[PDB]
Amino acid sequence: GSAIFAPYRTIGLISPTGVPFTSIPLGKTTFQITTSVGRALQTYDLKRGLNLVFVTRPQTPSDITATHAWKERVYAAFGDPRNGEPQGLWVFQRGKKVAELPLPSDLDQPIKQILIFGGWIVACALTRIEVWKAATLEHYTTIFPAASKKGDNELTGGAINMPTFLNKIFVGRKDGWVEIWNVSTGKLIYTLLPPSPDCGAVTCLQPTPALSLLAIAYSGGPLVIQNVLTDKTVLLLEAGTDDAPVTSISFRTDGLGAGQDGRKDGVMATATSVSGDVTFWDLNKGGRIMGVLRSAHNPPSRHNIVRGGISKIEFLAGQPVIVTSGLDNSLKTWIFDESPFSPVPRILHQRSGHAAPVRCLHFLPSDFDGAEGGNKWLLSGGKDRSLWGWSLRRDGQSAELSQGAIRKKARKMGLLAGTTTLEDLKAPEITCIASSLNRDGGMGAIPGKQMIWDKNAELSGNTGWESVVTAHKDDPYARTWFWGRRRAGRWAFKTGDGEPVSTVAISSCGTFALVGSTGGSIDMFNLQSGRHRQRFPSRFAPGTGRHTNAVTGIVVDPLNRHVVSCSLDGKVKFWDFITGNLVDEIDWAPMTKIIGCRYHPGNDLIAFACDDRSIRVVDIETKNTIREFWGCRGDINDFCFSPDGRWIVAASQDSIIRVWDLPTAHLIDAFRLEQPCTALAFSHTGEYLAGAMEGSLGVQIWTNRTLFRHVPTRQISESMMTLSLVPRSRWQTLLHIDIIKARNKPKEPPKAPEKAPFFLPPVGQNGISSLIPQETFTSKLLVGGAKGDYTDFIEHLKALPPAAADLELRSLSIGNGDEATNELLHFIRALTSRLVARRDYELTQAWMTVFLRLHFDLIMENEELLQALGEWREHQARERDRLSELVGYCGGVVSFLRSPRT
Amino acid sequence: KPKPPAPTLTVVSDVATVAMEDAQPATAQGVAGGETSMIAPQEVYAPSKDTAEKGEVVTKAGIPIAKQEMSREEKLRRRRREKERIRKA
Amino acid sequence: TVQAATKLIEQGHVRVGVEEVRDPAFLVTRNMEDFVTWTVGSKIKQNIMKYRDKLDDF
Amino acid sequence: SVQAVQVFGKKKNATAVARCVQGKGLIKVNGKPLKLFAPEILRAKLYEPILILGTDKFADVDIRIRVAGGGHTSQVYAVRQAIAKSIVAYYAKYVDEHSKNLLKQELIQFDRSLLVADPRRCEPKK
Amino acid sequence: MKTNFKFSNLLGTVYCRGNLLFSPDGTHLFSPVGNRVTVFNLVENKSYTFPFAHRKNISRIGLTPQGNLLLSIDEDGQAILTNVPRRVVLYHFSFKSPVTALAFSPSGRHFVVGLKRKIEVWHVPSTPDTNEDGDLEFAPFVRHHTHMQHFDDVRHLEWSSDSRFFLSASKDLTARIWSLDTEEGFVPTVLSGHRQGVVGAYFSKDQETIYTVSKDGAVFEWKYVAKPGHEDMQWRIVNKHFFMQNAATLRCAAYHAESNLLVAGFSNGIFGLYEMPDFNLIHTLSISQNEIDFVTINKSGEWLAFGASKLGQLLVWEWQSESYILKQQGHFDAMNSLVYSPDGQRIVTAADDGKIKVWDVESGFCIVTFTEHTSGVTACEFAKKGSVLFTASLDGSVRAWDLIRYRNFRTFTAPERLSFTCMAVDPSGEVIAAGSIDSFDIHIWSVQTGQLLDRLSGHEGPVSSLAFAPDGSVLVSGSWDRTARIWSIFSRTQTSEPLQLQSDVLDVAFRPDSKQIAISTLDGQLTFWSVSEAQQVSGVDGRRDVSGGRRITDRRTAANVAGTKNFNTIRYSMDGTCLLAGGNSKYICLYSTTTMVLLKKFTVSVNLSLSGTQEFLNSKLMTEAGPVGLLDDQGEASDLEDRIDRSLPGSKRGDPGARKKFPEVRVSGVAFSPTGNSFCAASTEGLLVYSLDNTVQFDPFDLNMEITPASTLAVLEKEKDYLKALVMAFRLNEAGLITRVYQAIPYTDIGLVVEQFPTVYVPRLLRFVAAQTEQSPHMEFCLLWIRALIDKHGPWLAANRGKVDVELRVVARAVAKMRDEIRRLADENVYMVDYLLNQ
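Residues numbered from 1 in each chain as written, not as in the entry; some residues may be left out. Chains lettered and ligands numbered in written order. Part of a larger assembly, values for the part shown. Heavy atoms only, no water. Residues with missing side-chain atoms left out of burial classes, pairs and counts.

**Q** Sorry if this is basic, but what is going on with the overall build of chain E here?
**A** In terms of regular secondary structure, chain E is built from 10 helices and 59 strands. Relative to the globule expectation of 28 Å for 839 residues, the C-alpha radius of gyration of chain E, 31 Å, shows essentially globular dimensions. (Helix = DSSP H or I, 4+ residues; strand = E, 2+ residues; numbered from the N terminus. Rg over C-alpha atoms; globule rule 2.2 N^0.38 Å.)

**Q** What am I meant to see in a nonpolar patch on the surface here?
**A** Together, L621, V628 and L631 of chain E give the surface a local cluster of nonpolar side chains, amounting to about 250 Å² of exposed area. Relative to the elements of secondary structure, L621 of chain E occurs in the loop between β54 (598-603) and β55 (622-623). (Patch = residues over 30% accessible without salt bridge, like charges linked within 9 Å, V, L, I, M, F, W, Y side chains within 5 Å. Areas by Shrake-Rupley, 256 points an atom, 1.4 Å probe, with all protein chains shown as cover. Salt bridge = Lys/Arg side-chain N within 4 Å of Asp/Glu carboxyl O.)

**Q** I tried to follow the interface of chain B and chain E on my own but got confused; where do I start?
**A** By convention, interface size is frequently given as the accessible area that disappears when the constituent parts associate. The interface is formed by 21 residues belonging to chain B together with 27 residues belonging to chain E. Among the residues making up the side of chain B that touches chain E, the classes are represented as 12 nonpolar, 4 polar and 5 charged. (Contact = heavy atoms within 4.5 Å. Nonpolar A, V, L, I, M, F, W, Y, C, P; charged D, E, K, R; others polar.)

**Q** What's the story with the interface of chain A and chain E in this structure? I'm lost.
**A** Between chain A and chain E, the contact holds 106 residues from the first and 106 residues from the second. Breaking the side of chain A that touches chain E down by element, the ones donating at least two residues are β1 (7-11), α3 (458-463), β49 (624-629), α4 (705-708), α5 (728-736), α11 (841-861) and α12 (866-898) of chain A. A total of 18 residues in the side of chain A that touches chain E trace back to one element, the largest contributor, which is α12 of chain A.

**Q** Teacher, can you tell me more about the sheet that holds strand β18 (residues 189-192) of chain E here?
**A** The strands making up a sheet associate through hydrogen bonds between their backbones, and the pairing can be parallel or antiparallel. All names here are of chain E. Read across the sheet, 4 strands follow the order β15-β16-β17-β18 without closing on themselves; strand pairing throughout is antiparallel. A single partner strand is all that each edge strand has here, and the edge strands are β15 (154-159) and β18. Ignoring which end each strand starts from, the neighbouring axes of this sheet average 20° apart. Bridge count between strand β16 (residues 165-170) and strand β17 (residues 174-179): 5 bridges; the pairing is antiparallel. Counterpart to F165 in the pairing with β17 is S179. (Pairing = 2+ DSSP bridges. Axes fitted to C-alpha atoms, helices over the stretch in contact; angles between N-to-C directions.)

**Q** When you look at the pairing of strand β8 (residues 69-74) of chain E in this model, what are you seeing that I'm missing?
**A** Note on strand geometry: in a regular strand, side chains alternate between the two faces of the sheet. All names here are of chain E. Where strand β7 (residues 58-63) meets β8, 5 bridges bridge the pair, whose relative direction is antiparallel. Residue pairing across strands places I58 opposite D74, the latter belonging to β8. Connecting β7 to the antiparallel partner β8 that follows it, the hairpin turn spans 5 residues, and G67 within it adopts a positive phi of roughly 120°. As defined by bridge partners, β8 adjoins strand β9 (residues 78-83) across 5 bridges and the pair is classed as antiparallel. Along β9, the bridge assignment pairs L69 with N83. Connecting β8 to the antiparallel partner β9 that follows it, the hairpin turn spans 3 residues, and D76 within it adopts a positive phi of roughly 60°.

**Q** Explain the state of the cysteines here, please?
**A** Linking two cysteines covalently via their sulfur atoms produces the bond known as a disulfide. A full pass over the atoms with the stated rule returns 0 disulfides over all chains. In this structure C640 of chain A is not part of a disulfide, and its nearest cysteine sulfur, from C677 of chain A, lies 10 Å away. (Disulfide = S-S within 2.5 Å.)

**Q** So what exactly am I meant to see when it comes to the UniProt feature "binding site: Mg(2+)" (unreviewed entry) in chain D here?
**A** Residue and element names in this part refer to chain D. Within this structure's numbering, the places UniProt gives as "binding site: Mg(2+)" (unreviewed entry) are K125. Summarising the element assignment, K125 is placed in the segment after α3 (97-110). Residue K125 is classed as exposed on the basis of its relative accessible area, which comes to 76%. (UniProt positions renumbered as here; feature names shortened; annotations may be inferred. Buried < 20%, exposed > 50% of the residue type's maximum accessible area, 1.4 Å probe, protein only.)

**Q** Is there a simple way to think about the UniProt feature "repeat: WD" (unreviewed entry) in chain E in this case?
**A** All names here are of chain E. Those places that UniProt annotates as "repeat: WD" (unreviewed entry) correspond, in this numbering, to residues 147-184, 191-223, 328-369, 370-411, 456-497 and 505-539. Helix makes up 0% of residues 147-184 and strand 50%, and the two end C-alpha atoms of the span are 20 Å apart. The span residues 370-411 shows a helical share of 0% and a strand share of 52%, and its end C-alpha atoms are spaced 14 Å apart.

**Q** Quick question: what am I supposed to make of unusual backbone geometry here?
**A** Most peptide bonds adopt trans geometry, and most residues besides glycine take a negative phi value. All names here are of chain A. A cis amide bond, omega -5°, links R57 with the succeeding residue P58. With respect to the secondary-structure elements, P58 resides in the loop between β5 (52-55) and β6 (64-69). Cis geometry is adopted by the peptide bond preceding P537, which originates at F536 and carries an omega value of 0°. Position of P537 relative to the elements: it lies in the loop between β41 (531-536) and β42 (551-556). You will see that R838, though not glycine, has its phi angle at about 55°, which is positive. With respect to the helices, strands and loops of the structure, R838 is situated in the loop between α10 (823-837) and α11.

Right, here's the structure in full:
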């Protein structure tokens, strides 16, 4: 585990796994679609769009592998113990764990599906079925299917229950057999055989809206629907290819949708995991087909990197809405219109994410002090060739940046049916991005529709031009992106050399975009008009400073004076901006080959990542290296700063994150990741860290334990007159407490009644103020004077409140008249002792002032304390001569130096 | 156009500026701040002819000068200065 | 007309002094009648300048 | 549709209409070209704004100027003011605001009378 | 200077819509201000503001009774909880409905919230400050129970003392007794019998007798006695009585149970407090003319806190001594202008309410109010001497106050009656220039004669901004005839050089080194002129750089809207390189004066309740009948004093009606500090004081490779080379390390290290020792340091005088703190002791 970052949330991830979602109808108006993240569950609402409602906590230690949703709780079974991992079944409610289930001891199989009905719940794991009494959450018994063949005993498909069938589950086996089991007595009551026995395995099965008609979809291809107590086939459809077996079927239970008029019912949707297209059958006459929604999600292929496939289809109850969840990180819902006869539906909701692991991350800079801050908008460029703006605050306002009407363009082309794919039709994969919202005009960035990447200025200057610049993989252009519109910009800059872009940067002014190819040229473009302004070098020797190799990491100072550039091999060059000429080159040629750079404004610091597996931080002002870090064992994958400038974070290829404290030049954090991290980004306020892993699609967010609680970690690893602390205001109001109470009296007095209540009730800590410290003050002073240390007394007088201090100073007295009893003499001796020790000078002065101000009569009458006053006068005279000479000299010299000209 | 000005008088007391302030626990003024009596010495006392003794007169500088101790030439010059003032008005 | 004036100052074309006025109920006194003018970059000001052919595009 | 910017220049009683359109680079005054229109010693005061801003800025514009009123020096000052204000307003309206700011910076660093006509009021030592 | 300005504290407003709180110690007062929450520390005079920022105004504030967690809920149920000892935001959350009541259990594990009809009790979330191995979960709040058994607004919720029962006081004339879990002899019972709805329902100490306090001015004591026919008992009403405040309904009541006393705050502003169980009137008085919004008693019971909404009007009253503890008054109108005192310790605002007031920078309290003005007060300004303050107001009088006797020793008025809207003063404190709208002259009085010196003229329009030059030789006016005028007065020839601009002038300001002037015009651009050769040396058109808008009631896009695209007020920084500009918009810009680029932009208020604080509104907020924040919603009010609409039609500047729904945001005044390091801006949200961030940011000066904190302490302790260690510490610029080193070196080699110190690091050292004088308790040490520095580098500072003026000023203010705080005391003590010894 780590000593700084605790995992907060895997954001950017709505449906990545092969396990299906499940829906539940709340009320008469809303549906909860609950799907699986991989370590928790997400429940979305349907009436409120598809906003998130609950994320489950705590994270289950294994991958989640079966979900269901009963009345309000959600049951989640996790863990495939055939390889190492632990397993269990948990009961969440509102996103918090409220129960666990007792698993059998001898269960060494992953849990495929869960089914709740009656009073029972039923888990079909792999070759055995566990059952639980749900009213008490206890085990009941275990159903063991038997077979003559080891393969044929395996339980593929699953177990579904019919609606009206009491205590009877329907299991499907690996052979074409479907067995009906009474779960209460654990007794096999029937088995039914597949027609035309060339068909092999029951792939899925679903009860129809008709009473006691079950729909069994075989891996040999046929869809059958059968009376499950007559064992007579009602319909038989050659509805599956031998290589494409149907995996999910669902019936529209509304009451219309077929008959080529929309007036008749009987519509069945079906979906095959190897396709991305769903099929709709109208079942009136003989079970004809009526449509195919082509490419409901990404079509799974074995060669491409973009994942695909359809996990589940469920017609929502009594409604034309059909919700489909892809393997490609997407959840869409479609709807059939009524008044035009729509055979295939249209889309009305879509949540989506990246369909491939994330390649680069960038927190958007802070809306200067706005509500967004620097920790709201994350910009993730993903290997499915997409660019998303995730939002850490609400998961429903995360939007894909549009690259033009790409889906309309594909569908007017033929990329949906059967040539290239949609990922190929989008832009190339993003390598690096650099942004600034100094001119992001928000929703009305450029009013009207604008052309996209073309390869008028008053309106642009009035509202605002582009805000994100993006360097892709191997394209000779670097693209621009509007941010306020979440759409692609109107400019795509060449590099000048024709070589592909290598690194792009943008001014803090939001005006200039600097592209740097892998050839060496660094071109500069004004973004508002999209025009070439400056080239580095323009046309030391003026005009000869061009880089010899790839250019990685240019970054422009916020003052628009210098641009600093880092070559791939060799040098780091500071260029003067407006003339466009080289100014100072520092050469690390023979020993390294610099792989990246990051910048810290407000500190003016640069960090170069060097491919001898080291990190060098250099100051841009003095132009010499200031810190070096030697920690890595592989190539530095990604590194960044903290906005405090106290940490520099690096994640290498060794699947280890290191965090270096910069001022003390040490390590602080070094923690191992389960998969090697690909990209890192720290937020522009210090809360969130964002890591895009390798293999995992969607990014991870860590918090900042240090920003919340102080951590003790500093372990480098490898694997004279003085004043007091008393409040100035306290001793000053002790000095002035007559007039402060005089003004704090009200102007008119309160109208206390004639029948004034005598003996107001006791308030405060036992009759006095609650601010006097709880445990006699004259006893304290006198016992100290019997002793020699008044320090207990002086500390007590320090910790007194002001009114009580004036009271316990007025309540001193002469007493009996003996030398060891008179509080005044002992008080003067205490002040004298403090003055000799030189401890609380201002306090002794204030106490002496109030003391002489309200006790001068006794001290002018007596002499036994006038001796102590003489000693006090001597000490006070010496100390005041020294300090007054000091203070007056300093004040006079300072006044003369401020105004010497008169 | 705001108003024609009208004479408004406001009486001030001898209470300190720490009685002029608003209600707060401890004053923002220091220890020197708190002895300034909100009226000047010019107003707490000013030597003038309406507050001199019987025989003596007070001069322009604020120094009491006795009519007995003045010589004749001093009396003559002071009468001339009074006559010059009265002619000026 | 008065209807045309109300439509204009609801669109926010008319300042008085230095501040624009969007409320059509502002009561102009006899010292502000000399200062009620158009706003700075107004399309109305541009159209007046284009009528008098003195449109200074700087 | 076509980009055009009209601007006015002023002197004592010399006024200067300058209409700037995207063109090949030519500059005309009352039809006659710029190298011709002046008395032969004020042509440098005419070329001052072009020579400050460089010819690449005027490479894309075509300036047609009319002038009337005032004497010779007045007309020359009106034309140079119209030239400077024309190119600054055209760069304000049709290319980037940063380029407009840099141009106005160079012109003001030379002489403010290139942009804002300062008339000679009567206010002698009262 | 370093342009790293984070958000330090709010100031200038003390209480707004919301509910007060006391810390369980009994010292700290938590008061809502707009959409931030201000802590007033009272046992020592201090104040700060939590770093969170709500979106709408604060509605309720609760506090975990241990003291560490605060939870603030705005309107529309957005809630933020934070940790108070380490002032950091912790969790955000959304109660879906507007929160109307909130109370934390004294056991600390629970808190109840009363939504409109609902009542939900939740578990208090575990915090990282509390657990040892724990960090932020995703969903921290765990809902424990819901209750919808009410019928109207739930207005109060109060726990018991054992934290097992709580009471809910509704608006349908009912209190209700609820429990946490199912008890054995309990039913969730109702208490009815009232006339105008319950305001509060409190328990006794021994939880057998409870009290309900109702808006008609009534209070009823309930006990558990049997039915009057005798297992069969019932919560019935043992006795009743009435406050007899005649024409008024009580808004807010509170009950300290340990002392058995009840305080009630009414609508005619006269609160009263009563020893409860026998109902003896302890006393009563009128705090305010308007109304009393919320009362809250101290945990101990000796202090009361009252908050009045319509004005600032916060006050803590100490009832057994019959005296205030504080009575602060936040402005009830728009702050027109402000200036700092030249010491820098206290600032002064002039508001369009009529009252000017001097606030202290620390402790956030207004320390004096001047109210001799009979209408709104426009610009106020100090002299260089920092003891005389000149104010100019709309009542036609330029007044001149003294700050050591608090009496306006001069009042100036032009013979023909004008309404002064801008003014300025010669820095010697001898000449006051002023100008108006109604007359295009510009008046000049002298302060030592009291009569009008002259009427300068030459302006074909009303003068709108004035500025004296800090060297005290030039006046500069700027007027709506599109002109600026360099007035030269003090010479024998009064001359006036004109500067022609393009548009109206809105602000003028001088560089501190007086050779440069900056004027902000109506186009929205800043032009920087040189005062010797009156030629423009720079210019920035920042219309796009400041445009943030779309107020409600505006049918232009925020891009096209005119009137919010200029700079109302500009000021130079105390270094001379950073101009600060603020206009009628959401953004405050901070430019540099040499490179002329936008160094930094700030947003003044993320508060959505003000008008123009987001530049794109939404169709959700637009209904069919215009914007939903425009329907006159006064009619559904219960109080006639709130139902009456005494507004005047077409009154942009302040009217006593002041409907004031969704006020505009405008940065009406800005000013730097003479101590550097901070500035502030008077906005309609209040008075935002921004400061630098030097403790949260590592920012080295010129670092080497071989300088660590470990190496610095090593060359301090091991080899003992004090100069080298100190230079390394200042090179690292880590304040803890610098304090460690500078306290570690002894007081006899001080002359050595100061003689061998580098001149480049001199001024930062002077700033550091001045701050150490003002904060540290090592005063003789710090004064020894300053004396050594000035005696060694004497002629260097005197030769420079421009690069080190702010450093010398902060050294002077620290030394004056020391002198006028302690040495006057020592002198008075020794003279008194001499006389008492000499009899």
